[PDB]
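> Sharing query-v4.csv here; it has CSV, C-alpha atoms.
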chain,number,residue,atom,x,y,z
A,1,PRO,CA,-30.4,7.9,11.5
A,2,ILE,CA,-26.9,6.3,12.0
A,3,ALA,CA,-26.4,3.8,14.8
A,4,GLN,CA,-23.1,2.3,15.9
A,5,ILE,CA,-23.4,-0.7,18.2
A,6,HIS,CA,-20.5,-1.9,20.2
A,7,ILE,CA,-20.9,-5.6,21.1
A,8,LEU,CA,-18.6,-8.3,22.4
A,9,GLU,CA,-17.2,-10.7,19.8
A,10,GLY,CA,-18.7,-14.2,19.6
A,11,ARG,CA,-22.0,-13.9,17.8
A,12,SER,CA,-22.8,-15.6,14.6
A,13,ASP,CA,-23.4,-13.8,11.3
A,14,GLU,CA,-27.1,-14.7,11.6
A,15,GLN,CA,-27.4,-13.2,15.1
A,16,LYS,CA,-25.8,-10.0,14.0
A,17,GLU,CA,-28.1,-9.8,10.9
A,18,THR,CA,-31.0,-10.1,13.4
A,19,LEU,CA,-29.5,-7.4,15.5
A,20,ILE,CA,-29.2,-5.0,12.5
A,21,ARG,CA,-32.8,-5.8,11.5
A,22,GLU,CA,-34.4,-5.4,14.9
A,23,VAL,CA,-32.5,-2.3,15.8
A,24,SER,CA,-33.3,-0.7,12.5
A,25,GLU,CA,-37.0,-1.4,12.9
A,26,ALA,CA,-36.9,0.0,16.4
A,27,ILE,CA,-35.3,3.2,15.2
A,28,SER,CA,-37.8,3.5,12.4
A,29,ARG,CA,-40.9,3.0,14.7
A,30,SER,CA,-39.6,5.3,17.4
A,31,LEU,CA,-38.7,8.3,15.2
A,32,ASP,CA,-41.2,7.8,12.4
A,33,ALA,CA,-38.2,7.8,10.1
A,34,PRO,CA,-38.3,5.8,6.8
A,35,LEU,CA,-36.6,2.4,7.3
A,36,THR,CA,-34.5,3.0,4.1
A,37,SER,CA,-32.9,6.0,5.9
A,38,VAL,CA,-31.6,4.0,8.8
A,39,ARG,CA,-28.0,2.8,8.9
A,40,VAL,CA,-26.4,0.5,11.4
A,41,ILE,CA,-22.8,-0.2,12.1
A,42,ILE,CA,-21.8,-3.2,14.3
A,43,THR,CA,-18.4,-2.8,16.0
A,44,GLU,CA,-17.2,-6.0,17.7
A,45,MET,CA,-15.0,-5.8,20.9
A,46,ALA,CA,-12.6,-8.5,21.9
A,47,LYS,CA,-13.1,-9.7,25.5
A,48,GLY,CA,-9.8,-8.1,26.6
A,49,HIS,CA,-10.8,-4.8,25.1
A,50,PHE,CA,-13.9,-4.0,27.2
A,51,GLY,CA,-13.8,-2.8,30.8
A,52,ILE,CA,-16.4,-2.7,33.4
A,53,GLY,CA,-15.5,-1.1,36.8
A,54,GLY,CA,-11.9,-1.2,35.7
A,55,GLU,CA,-12.0,-5.0,35.1
A,56,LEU,CA,-11.8,-7.0,31.9
A,57,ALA,CA,-15.0,-8.5,30.5
A,58,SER,CA,-12.9,-11.6,29.8
A,59,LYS,CA,-12.5,-11.9,33.6
B,1,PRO,CA,-23.8,-3.4,24.5
B,2,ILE,CA,-23.3,0.3,23.9
B,3,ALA,CA,-25.2,2.0,21.0
B,4,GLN,CA,-24.6,5.5,19.8
B,5,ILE,CA,-27.4,6.8,17.6
B,6,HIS,CA,-26.8,10.0,15.5
B,7,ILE,CA,-30.1,11.7,14.6
B,8,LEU,CA,-31.1,15.0,13.2
B,9,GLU,CA,-32.3,17.6,15.7
B,10,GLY,CA,-36.0,18.1,15.9
B,11,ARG,CA,-37.4,15.1,17.7
B,12,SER,CA,-39.4,15.4,21.0
B,13,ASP,CA,-38.2,14.2,24.4
B,14,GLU,CA,-41.0,11.6,24.3
B,15,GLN,CA,-39.8,10.3,20.9
B,16,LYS,CA,-36.2,10.1,22.1
B,17,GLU,CA,-37.3,8.3,25.3
B,18,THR,CA,-39.2,5.8,23.1
B,19,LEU,CA,-36.1,5.4,20.9
B,20,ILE,CA,-34.0,4.5,23.9
B,21,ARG,CA,-36.4,2.0,25.2
B,22,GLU,CA,-37.2,0.3,21.9
B,23,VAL,CA,-33.6,0.1,20.7
B,24,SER,CA,-32.5,-1.2,24.1
B,25,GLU,CA,-35.1,-3.9,24.0
B,26,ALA,CA,-34.2,-4.8,20.4
B,27,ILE,CA,-30.5,-5.1,21.4
B,28,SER,CA,-31.4,-7.2,24.5
B,29,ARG,CA,-33.6,-9.6,22.7
B,30,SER,CA,-31.4,-10.0,19.6
B,31,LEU,CA,-28.2,-10.7,21.6
B,32,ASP,CA,-29.6,-12.4,24.7
B,33,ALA,CA,-28.0,-9.7,26.7
B,34,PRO,CA,-29.3,-8.5,30.1
B,35,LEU,CA,-31.4,-5.4,29.5
B,36,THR,CA,-29.7,-3.4,32.3
B,37,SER,CA,-26.3,-4.0,30.5
B,38,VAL,CA,-27.6,-2.0,27.5
B,39,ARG,CA,-26.6,1.6,27.2
B,40,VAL,CA,-27.8,4.0,24.5
B,41,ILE,CA,-26.4,7.4,23.7
B,42,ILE,CA,-28.5,9.8,21.5
B,43,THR,CA,-26.4,12.3,19.6
B,44,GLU,CA,-28.3,15.1,17.9
B,45,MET,CA,-26.9,16.7,14.8
B,46,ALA,CA,-27.6,20.2,13.7
B,47,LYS,CA,-28.9,20.4,10.1
B,48,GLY,CA,-25.8,22.3,9.0
B,49,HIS,CA,-23.5,19.6,10.5
B,50,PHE,CA,-24.7,16.6,8.5
B,51,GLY,CA,-23.8,16.0,4.9
B,52,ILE,CA,-25.1,13.6,2.3
B,53,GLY,CA,-23.3,13.5,-1.1
B,54,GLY,CA,-21.2,16.5,-0.1
B,55,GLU,CA,-24.3,18.7,0.4
B,56,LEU,CA,-25.9,19.8,3.7
B,57,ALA,CA,-29.0,17.7,4.6
B,58,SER,CA,-30.7,21.0,5.0
C,1,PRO,CA,-3.8,7.7,21.6
C,2,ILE,CA,-7.2,9.3,21.2
C,3,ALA,CA,-9.9,9.0,23.9
C,4,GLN,CA,-13.5,10.1,23.7
C,5,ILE,CA,-15.3,10.2,27.0
C,6,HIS,CA,-19.1,10.4,27.1
C,7,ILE,CA,-20.2,11.9,30.4
C,8,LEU,CA,-23.5,13.3,31.7
C,9,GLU,CA,-23.8,17.1,31.7
C,10,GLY,CA,-23.4,19.0,35.0
C,11,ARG,CA,-19.7,19.0,35.8
C,12,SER,CA,-17.7,22.2,36.2
C,13,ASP,CA,-15.0,23.3,33.8
C,14,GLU,CA,-12.4,22.6,36.5
C,15,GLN,CA,-13.7,19.1,37.0
C,16,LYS,CA,-13.5,18.5,33.3
C,17,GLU,CA,-10.0,19.9,33.2
C,18,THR,CA,-9.0,17.4,35.9
C,19,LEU,CA,-10.6,14.6,34.0
C,20,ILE,CA,-8.5,15.5,30.9
C,21,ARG,CA,-5.3,15.7,32.9
C,22,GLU,CA,-5.8,12.5,34.9
C,23,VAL,CA,-7.0,10.4,31.9
C,24,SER,CA,-4.2,11.6,29.8
C,25,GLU,CA,-1.6,10.7,32.5
C,26,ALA,CA,-3.2,7.3,32.8
C,27,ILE,CA,-3.0,6.6,29.0
C,28,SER,CA,0.6,7.8,28.8
C,29,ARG,CA,1.8,5.8,31.7
C,30,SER,CA,-0.1,2.6,30.8
C,31,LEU,CA,1.2,2.4,27.3
C,32,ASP,CA,4.5,4.3,27.5
C,33,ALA,CA,3.0,6.7,24.9
C,34,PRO,CA,4.2,10.3,24.7
C,35,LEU,CA,2.0,12.4,26.9
C,36,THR,CA,2.1,15.2,24.3
C,37,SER,CA,0.5,12.8,21.7
C,38,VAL,CA,-2.5,12.0,23.9
C,39,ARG,CA,-5.8,13.6,22.9
C,40,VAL,CA,-8.9,13.5,24.9
C,41,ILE,CA,-12.4,14.5,23.8
C,42,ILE,CA,-15.1,15.2,26.3
C,43,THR,CA,-18.6,14.7,25.0
C,44,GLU,CA,-21.5,15.8,27.3
C,45,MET,CA,-24.8,14.0,27.3
C,46,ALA,CA,-28.1,15.6,28.3
C,47,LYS,CA,-29.9,13.4,30.8
C,48,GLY,CA,-32.7,12.8,28.3
C,49,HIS,CA,-30.2,11.5,25.8
C,50,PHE,CA,-28.6,8.6,27.8
C,51,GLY,CA,-30.3,5.3,28.4
C,52,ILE,CA,-29.4,2.5,30.8
C,53,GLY,CA,-31.6,-0.6,30.7
C,54,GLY,CA,-33.9,1.2,28.2
C,55,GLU,CA,-34.7,3.9,30.8
C,56,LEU,CA,-33.4,7.4,31.0
C,57,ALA,CA,-30.4,7.7,33.4
D,1,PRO,CA,-19.1,7.4,32.0
D,2,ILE,CA,-18.2,5.7,28.7
D,3,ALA,CA,-14.7,6.0,27.3
D,4,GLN,CA,-13.5,4.8,23.9
D,5,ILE,CA,-9.8,4.8,23.4
D,6,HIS,CA,-8.2,4.5,20.0
D,7,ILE,CA,-4.6,3.2,20.3
D,8,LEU,CA,-2.2,1.7,17.8
D,9,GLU,CA,-2.0,-2.1,17.6
D,10,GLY,CA,1.0,-3.8,19.2
D,11,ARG,CA,0.4,-3.7,23.0
D,12,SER,CA,0.2,-6.8,25.1
D,13,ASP,CA,-3.1,-8.0,26.8
D,14,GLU,CA,-1.4,-7.1,30.1
D,15,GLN,CA,-0.7,-3.5,29.0
D,16,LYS,CA,-4.3,-3.1,27.8
D,17,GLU,CA,-5.6,-4.5,31.1
D,18,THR,CA,-3.5,-1.9,32.9
D,19,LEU,CA,-4.8,0.8,30.5
D,20,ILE,CA,-8.4,-0.1,31.3
D,21,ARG,CA,-7.9,-0.2,35.0
D,22,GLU,CA,-6.0,3.1,35.2
D,23,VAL,CA,-8.3,5.1,32.8
D,24,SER,CA,-11.4,3.8,34.7
D,25,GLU,CA,-10.0,4.9,38.1
D,26,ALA,CA,-9.0,8.2,36.6
D,27,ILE,CA,-12.5,8.8,35.3
D,28,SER,CA,-14.1,7.6,38.5
D,29,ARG,CA,-12.1,10.0,40.8
D,30,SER,CA,-12.2,13.0,38.4
D,31,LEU,CA,-16.0,12.9,38.1
D,32,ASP,CA,-16.7,11.2,41.4
D,33,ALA,CA,-18.8,8.7,39.5
D,34,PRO,CA,-19.0,5.2,41.0
D,35,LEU,CA,-16.2,3.0,39.5
D,36,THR,CA,-18.6,0.2,38.7
D,37,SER,CA,-20.5,2.6,36.4
D,38,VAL,CA,-17.4,3.2,34.2
D,39,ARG,CA,-17.2,1.5,30.8
D,40,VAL,CA,-14.0,1.5,28.7
D,41,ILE,CA,-13.7,0.4,25.1
D,42,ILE,CA,-10.2,-0.1,23.6
D,43,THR,CA,-10.2,0.2,19.8
D,44,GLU,CA,-7.0,-0.9,18.2
D,45,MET,CA,-5.8,0.8,15.0
D,46,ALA,CA,-3.6,-0.9,12.4
D,47,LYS,CA,-0.5,1.1,11.5
D,48,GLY,CA,-1.8,1.8,8.0
D,49,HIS,CA,-5.2,3.1,9.4
D,50,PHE,CA,-3.9,6.1,11.4
D,51,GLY,CA,-2.9,9.3,9.8
D,52,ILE,CA,-1.0,12.3,11.2
D,53,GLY,CA,-0.7,15.3,8.9
D,54,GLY,CA,-1.9,13.2,6.0
D,55,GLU,CA,0.9,10.7,6.5
D,56,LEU,CA,0.7,7.1,7.8
D,57,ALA,CA,1.8,6.3,11.3
D,58,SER,CA,3.6,3.5,9.5
D,59,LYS,CA,6.0,6.3,8.5
E,1,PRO,CA,-18.6,5.6,3.8
E,2,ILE,CA,-19.4,7.5,7.0
E,3,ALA,CA,-17.0,10.2,8.3
E,4,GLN,CA,-17.3,11.9,11.7
E,5,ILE,CA,-15.1,14.9,12.1
E,6,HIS,CA,-14.3,16.4,15.5
E,7,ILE,CA,-13.4,20.1,15.3
E,8,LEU,CA,-13.1,22.9,17.7
E,9,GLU,CA,-16.1,25.3,17.8
E,10,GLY,CA,-15.7,28.7,16.1
E,11,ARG,CA,-15.9,28.0,12.4
E,12,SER,CA,-18.5,29.6,10.2
E,13,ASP,CA,-21.4,27.7,8.6
E,14,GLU,CA,-19.7,28.5,5.2
E,15,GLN,CA,-16.5,26.9,6.3
E,16,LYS,CA,-18.3,23.8,7.6
E,17,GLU,CA,-20.2,23.5,4.4
E,18,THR,CA,-16.9,23.6,2.5
E,19,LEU,CA,-15.5,21.0,4.8
E,20,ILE,CA,-18.4,18.7,4.1
E,21,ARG,CA,-18.1,19.2,0.3
E,22,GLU,CA,-14.3,18.8,0.1
E,23,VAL,CA,-14.1,15.8,2.5
E,24,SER,CA,-17.0,14.0,0.7
E,25,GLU,CA,-15.3,14.5,-2.7
E,26,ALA,CA,-12.0,13.3,-1.2
E,27,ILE,CA,-13.6,10.1,0.1
E,28,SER,CA,-15.6,9.5,-3.1
E,29,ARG,CA,-12.6,9.9,-5.4
E,30,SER,CA,-10.2,8.0,-3.1
E,31,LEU,CA,-12.4,4.9,-2.7
E,32,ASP,CA,-14.3,4.9,-6.0
E,33,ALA,CA,-17.4,5.3,-3.9
E,34,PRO,CA,-20.7,6.8,-5.2
E,35,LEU,CA,-20.8,10.4,-3.9
E,36,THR,CA,-24.3,10.1,-2.6
E,37,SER,CA,-23.2,7.1,-0.5
E,38,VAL,CA,-20.9,9.4,1.5
E,39,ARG,CA,-22.1,10.8,4.8
E,40,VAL,CA,-20.3,13.3,6.9
E,41,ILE,CA,-21.0,14.3,10.5
E,42,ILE,CA,-19.4,17.4,12.0
E,43,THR,CA,-19.1,17.2,15.8
E,44,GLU,CA,-18.0,20.5,17.4
E,45,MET,CA,-15.9,20.6,20.6
E,46,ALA,CA,-15.9,23.4,23.1
E,47,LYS,CA,-12.4,24.5,23.8
E,48,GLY,CA,-12.7,23.3,27.4
E,49,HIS,CA,-13.7,19.8,26.2
E,50,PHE,CA,-10.5,19.0,24.1
E,51,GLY,CA,-7.2,18.1,25.7
E,52,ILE,CA,-3.8,17.7,24.2
E,53,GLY,CA,-1.0,16.4,26.4
E,54,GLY,CA,-3.3,16.5,29.4
E,55,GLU,CA,-3.9,20.3,29.0
E,56,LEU,CA,-6.8,22.2,27.5
F,1,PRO,CA,-9.2,18.1,13.7
F,2,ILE,CA,-9.9,14.4,14.2
F,3,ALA,CA,-11.7,12.4,11.6
F,4,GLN,CA,-12.9,8.8,11.9
F,5,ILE,CA,-14.0,7.2,8.6
F,6,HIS,CA,-16.0,4.1,8.5
F,7,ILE,CA,-15.5,2.2,5.3
F,8,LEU,CA,-16.2,-1.3,4.1
F,9,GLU,CA,-13.3,-3.8,4.2
F,10,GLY,CA,-11.6,-4.7,0.9
F,11,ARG,CA,-9.4,-1.7,0.0
F,12,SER,CA,-5.6,-2.0,-0.5
F,13,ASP,CA,-3.1,-0.4,1.9
F,14,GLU,CA,-2.3,2.0,-1.0
F,15,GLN,CA,-5.9,3.1,-1.4
F,16,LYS,CA,-6.3,3.7,2.3
F,17,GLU,CA,-3.1,5.8,2.3
F,18,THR,CA,-4.5,7.9,-0.5
F,19,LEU,CA,-7.8,8.3,1.5
F,20,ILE,CA,-5.9,9.5,4.5
F,21,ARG,CA,-3.8,12.0,2.5
F,22,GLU,CA,-6.7,13.4,0.5
F,23,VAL,CA,-9.1,13.6,3.5
F,24,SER,CA,-6.4,15.3,5.6
F,25,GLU,CA,-5.7,17.9,2.9
F,26,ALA,CA,-9.4,18.5,2.5
F,27,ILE,CA,-9.9,19.1,6.2
F,28,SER,CA,-6.8,21.4,6.4
F,29,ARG,CA,-7.8,23.7,3.5
F,30,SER,CA,-11.5,23.8,4.4
F,31,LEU,CA,-10.9,24.8,8.0
F,32,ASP,CA,-7.5,26.5,7.7
F,33,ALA,CA,-6.1,24.1,10.2
F,34,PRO,CA,-2.4,23.3,10.1
F,35,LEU,CA,-2.1,20.0,8.2
F,36,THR,CA,0.2,18.6,11.0
F,37,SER,CA,-2.7,18.9,13.4
F,38,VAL,CA,-5.1,16.7,11.4
F,39,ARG,CA,-5.6,13.1,12.5
F,40,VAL,CA,-7.5,10.5,10.5
F,41,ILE,CA,-8.7,7.1,11.8
F,42,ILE,CA,-9.8,4.5,9.3
F,43,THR,CA,-12.3,2.0,10.7
F,44,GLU,CA,-13.0,-0.9,8.5
F,45,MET,CA,-16.4,-2.7,8.5
F,46,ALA,CA,-17.0,-6.3,7.4
F,47,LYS,CA,-20.0,-6.6,5.0
F,48,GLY,CA,-21.9,-8.5,7.6
F,49,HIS,CA,-21.6,-5.6,10.0
F,50,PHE,CA,-23.2,-2.8,8.0
F,51,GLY,CA,-26.9,-2.3,7.6
F,52,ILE,CA,-29.1,-0.2,5.3
F,53,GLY,CA,-32.8,-0.3,5.9
F,54,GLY,CA,-32.4,-3.2,8.2
F,55,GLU,CA,-30.7,-5.3,5.5
F,56,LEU,CA,-27.0,-6.0,5.1
F,57,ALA,CA,-25.8,-3.5,2.5
F,58,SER,CA,-24.1,-6.3,0.6
How would this structure read if it were set down as C-alpha cells?

Amino acid sequence: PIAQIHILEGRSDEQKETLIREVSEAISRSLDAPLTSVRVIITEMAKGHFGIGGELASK
Amino acid sequence: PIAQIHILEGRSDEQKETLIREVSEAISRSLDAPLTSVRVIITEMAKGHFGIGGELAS
Amino acid sequence: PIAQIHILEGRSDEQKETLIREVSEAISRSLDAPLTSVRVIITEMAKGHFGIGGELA
Amino acid sequence: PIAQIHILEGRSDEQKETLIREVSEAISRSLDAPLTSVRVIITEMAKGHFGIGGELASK
Amino acid sequence: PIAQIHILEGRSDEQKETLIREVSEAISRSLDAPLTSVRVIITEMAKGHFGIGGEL
Amino acid sequence: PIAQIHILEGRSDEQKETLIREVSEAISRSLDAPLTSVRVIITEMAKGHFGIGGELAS
C-alpha cells in the first residue's frame, strides 16, 4: 500500500518519524498486508497553502 | 490531515472501514490533531494499473 | 494550473460539468493564468472509501 | 470536497488566499456542498519541476 | 520513485502494460534508480471527469 | 496525460530535466498521445518524509 499524508508544516523530524511508523503499522494491521510492503509519503503544507471553508489555516 | 491511501483491489468493506479508523487514529495520536479534522481517502487500484519494476503487480 | 478534486459519488454529469467550468474560471481569474491552460480532474469517491474523523462519511 | 491545486511558484500570499477562497466557493455552489466542508491544498511547483511536452516550463 | 499517471479511459490493457514498462525504464535510467524501486500507478479518467479550459 | 513523480531530493536540475523529457516521451509513445499534451510534475521528498516498512527509507 502507498499512503500520502498532507500535514501542516511545523512538526519535528521525530514527530514525523512517529507518524510514518504509526500509520504504517495501522495500514499493516487493517489490511493484513506485510509491513515491508507499506510505503508512506509525508507532504507538508505551509499555513498559507491550506484552506478550510475558503479561509486560510494561518488565519 | 488528509491521507490518500492507494491499495490493490480485493479488500472487503469491513477491512477498508477498519483501515480508515485505524489510520485516522494513528494520525490523530501522532500529530496531536483533533480526530474529526482527519480525512482519509481510499483509492483502489486494479491489478493491471499498478506496476513494480516495470511489470504489472498481477 | 492542475486541479484534482475529490468528491463523493452521486452528482450528475451536468453538475460535474458546472464544477469544472466554475473551478477553472476561479483558478484563471485568481492567478491571471490562461484559462486554456487550466486542467481539472474530478475523482469520485465511493461513500465507503472516504473517512472523516475515522468514520465513513 | 477536497481539491489539490498544482500551480507554478511565484504568486503572492494574497493571490493564493484569493485562489483558495474563490475555488472553495466555486466547489461549494457547483456541488451544493456546505462551504465549511471544503478543503483546498495549494501545491507550488518550481519552474524546473513542471514539464509540458517534455520541455521545462522554465523554457 | 513513485509515479501516478492520469490518463483518459479507453486504452487497452496492452497499451497500459507498455506504459508501465516504458515509464518505469525512463525513471530508472534518468535517476540511476534500481528498477524494482520504481512504482507506477495508472489512474483512468472518464471523459466527463477531465476539463481543459473549463470545458470537457 | 498528467504524470506526478515522487522522487527523493538531491538530484540536479539537469537530471530532473532529463527525467521530464524521457518520461514524457515514454508516455507519448506508449499511449500514442501527442507529446504536446503530456504534462509532468516532479514532487521532491525529503529523506525524513519517506517511509518503507514504517522506517525512514534512508
> Just how far from atom CA of residue B:39 is atom CA of residue C:2, in Å to one decimal?
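Between these atoms lies a distance of 21.7 Å.
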> Please compute the atom CA of residue E:25-atom CA of residue F:13 distance, one decimal, in Å.
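Rounded to one decimal, the two atoms are 19.8 Å apart.
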> With distances taken over all atoms listed in the file, which of E:29, E:47, E:16, E:11 is nearest to chain B?
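Ranked by minimum distance to chain B, first place goes to E:16.
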> Which residue gives the smallest distance to chain C among E:20, E:14, E:26, E:7, with all atoms listed in the file counted?
E:7
> Quick one: residues within 9 Å of residue D:35, all atoms listed in the file counted, chain neighbours fewer than 6 positions away excluded, as an NGL selection string?
(:A and (52-54)) or (:D and (24-25 or 27-29))
